[PDB]
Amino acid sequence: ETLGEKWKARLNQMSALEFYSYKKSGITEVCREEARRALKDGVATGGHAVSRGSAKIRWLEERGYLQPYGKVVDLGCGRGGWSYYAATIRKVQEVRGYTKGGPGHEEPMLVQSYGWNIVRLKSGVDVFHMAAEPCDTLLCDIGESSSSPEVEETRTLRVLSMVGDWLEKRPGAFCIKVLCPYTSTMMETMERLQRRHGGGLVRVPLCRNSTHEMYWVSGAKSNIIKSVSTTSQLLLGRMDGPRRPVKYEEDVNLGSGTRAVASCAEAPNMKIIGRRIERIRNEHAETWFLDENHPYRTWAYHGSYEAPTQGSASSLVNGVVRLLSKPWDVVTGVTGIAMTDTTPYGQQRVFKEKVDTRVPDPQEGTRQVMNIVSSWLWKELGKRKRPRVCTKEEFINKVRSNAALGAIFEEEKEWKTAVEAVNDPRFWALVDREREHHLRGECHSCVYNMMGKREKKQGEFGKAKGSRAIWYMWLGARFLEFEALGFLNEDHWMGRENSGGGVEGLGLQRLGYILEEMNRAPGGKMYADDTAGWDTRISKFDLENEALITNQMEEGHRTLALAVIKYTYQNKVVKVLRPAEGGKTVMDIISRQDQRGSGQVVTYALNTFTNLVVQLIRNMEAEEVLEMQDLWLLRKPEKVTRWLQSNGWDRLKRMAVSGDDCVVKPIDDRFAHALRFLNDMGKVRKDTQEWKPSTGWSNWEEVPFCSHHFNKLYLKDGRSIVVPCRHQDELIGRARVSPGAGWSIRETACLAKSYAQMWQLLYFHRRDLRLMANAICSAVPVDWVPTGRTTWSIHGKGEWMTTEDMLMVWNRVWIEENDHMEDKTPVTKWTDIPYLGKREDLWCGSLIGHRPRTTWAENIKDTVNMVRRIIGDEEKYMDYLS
């Protein structure tokens, strides 16, 4: 019927070798060999395009069919060639790519092409079930080819139904793949769409003769039927006569490194930070330079210098756990967990989206309600406790062997360990020198080392997840924090007795019993809302209100704590490695005024405080104590203090906050829509629309707190315990991951025993975990000492890192030392210790009943015997499986 429908008819009639010769006849191709190679090796600094797609967009660009600018959206990004190419264009500023990925579909590639810092690619996205957004440049390369034009037509029509909603937000530039432009209905539709939205159809010469696909580009203008049919003629012409040679063009070289970005970064108080910036620069004057292409938006940039790379993207498998957990070799929830990428590119790709942010200052009335509540809470906590200076001797007894040294300057680089440095008088001379500076209104050495935390986390793009920032100062600068504010931790100011709502010093054992009490109290549902990246959300004003403890100190102590807060918390100098162009690595010197650093001595103690103030303010807003106008100006501040004195403690004792983790049991469910103050303080809730009311729990046993949910379980005799539970896959997955590279079988086997024993103490109620832990304990030599880290948690008290009998250690934590356990009758055998209900166990990732597990259980005795030979026969083992 149409010139293209004719071409498709002919193409379908083609034989295998007719088609073969035809497909590339007189087409254009980019020379992709050099790119394929580097990509196989993983050379992100090559400037190589991730796909052919990059040249398909450079072609339209040079002709004037597309002039990308501003906010660029890549719908069906795949590897992201259109995305990475977009980021090189002088007028584009942000580039967000979205793709399906996973099985059978292409996943975003992580290259360091010029401007990679303005690219955010996302997988597991089905654009047909994604709401439109306003953008400046709209790109969409979706269209799976088919043998039937009936299938290609319905495939194109669905794609244009999708972009219609996007295009009515009027993007300035657009490029949409039109797979089937040649059918009557498709010509009819495209004319109607060209009328309504503009642009036109262009055929790319880089395309094979096997597709009639054209791109609906913003810079084109031509009758759609003239455009479609001139290209149909081309394709028909290429069928008849001899085969023409293919034309080869050199591929696009994007380049390498980050792009220069628009700054909204607050001005540095150089009178405070200047001496440290100038000291760093003098110890690095040979390499020190100012990078024009630094990627810092909200941080002040002070300079960079050539420095060696640190960290790795490597994850290893704990063969021991892997062999004893065969039914999970399938489960992607477990097999998908691995080490995080702590390399300079690994951390910086998270930094740019999560840490390089600037939260708008809260309003004056909000700023005041915060101040009233914070003064009240500091006065309440200090009622029974006195601030005090913590000592050198207190610190020595507290400092571990595994504690970071963090040496930044020449004079601090004298020791190889923290344990060695504290036993050196030359160290304490440095501490004394800095305190002298602090007392002279100066800071010379309190600079933060920032890097990626090596954690076990689920992956992204079939690759290791990027790493979260961890920032601590050097040992000496940390002691000065300790001596001024360490009283908060050491004298347990955030403990549940002193704070009512805190949980400092409690283990996962006890945490469940708190939420059980909390449920008995009348009121609404329980609300466990996560603040999306709490530390980054800590404002100028939050730090101001925190510094209100300073009033309860003696003038000298206040002076010391004030110099720490003002020069180290209110103002910060951060040292970070960043990947540069040419495969080089630079160390950057940046600074900021808001936010919390993870490695501050009183980070948990302050996050806890500020979170209680936040929760208290939400209860006032909910109970209608705070009004709509009270954000701008606090009308009648007396109403705040009256509420606090009447209900302050009663509401506090209805909370459980551990740093950034919280659970509030309000008076009613008005708390769910009490978001005005919440959002004004920048405490924006995680994975919810900024104004959609919060979702609460009617069942306390379902409430998430500290990565867990807690269950009341009753013994054989009848007594009860409130145990910690989480999804089994998170547990087996993390157990199956090995940190340290180049490990002897002992190092792996001993970390497998640590996981097994932790499971025996906290997760004994999970049927699979008790079995697998007994299997691990049976396959690993008995006299081998458990090693490594099983949790980074403050509530994971490491009672399982012992050679002692686990049934003895279990009785000690659940009976003997359990303050919620009246009867001290010890449990004599493990068969008395119950399991979670079969519905609950199965709800949290259990495989009871599934035949691959059922088989696994039956032959565990033999698979243990196998792992015994793997670790070595000649070793002494014991059977914990009978």
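Start at 1 and count along the sequence shown; that's the residue number.
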Tell me which of 743-751 and 293-301 has the higher mean C-alpha B-factor in the deposited entry.
743-751
According to the deposited model, is the average Cα temperature factor higher in 399-407 or in 68-76?
399-407
Largest Cα B-factor, entry values, listed residues 567, 84, 759, 415
415
Note to self: of 776, 657, 267, 95, the C-alpha temperature factor tops out at 267
Would you please rank residue 433 by its C-alpha temperature factor against the other modelled residues of its chain and give the third it falls in: lowest, middle or highest?
middle
Lowest, middle or highest third - CA B-factor, residue 133
middle
Report the third (lowest, middle or highest) to which the CA temperature factor of residue 112 belongs, ranking only the modelled residues of the same chain.
lowest
Split the chain's modelled residues into thirds by Cα B-factor; residue 350 lands in the lowest
Among the modelled residues of its chain, the C-alpha B-factor of residue 8 falls in the third labelled middle
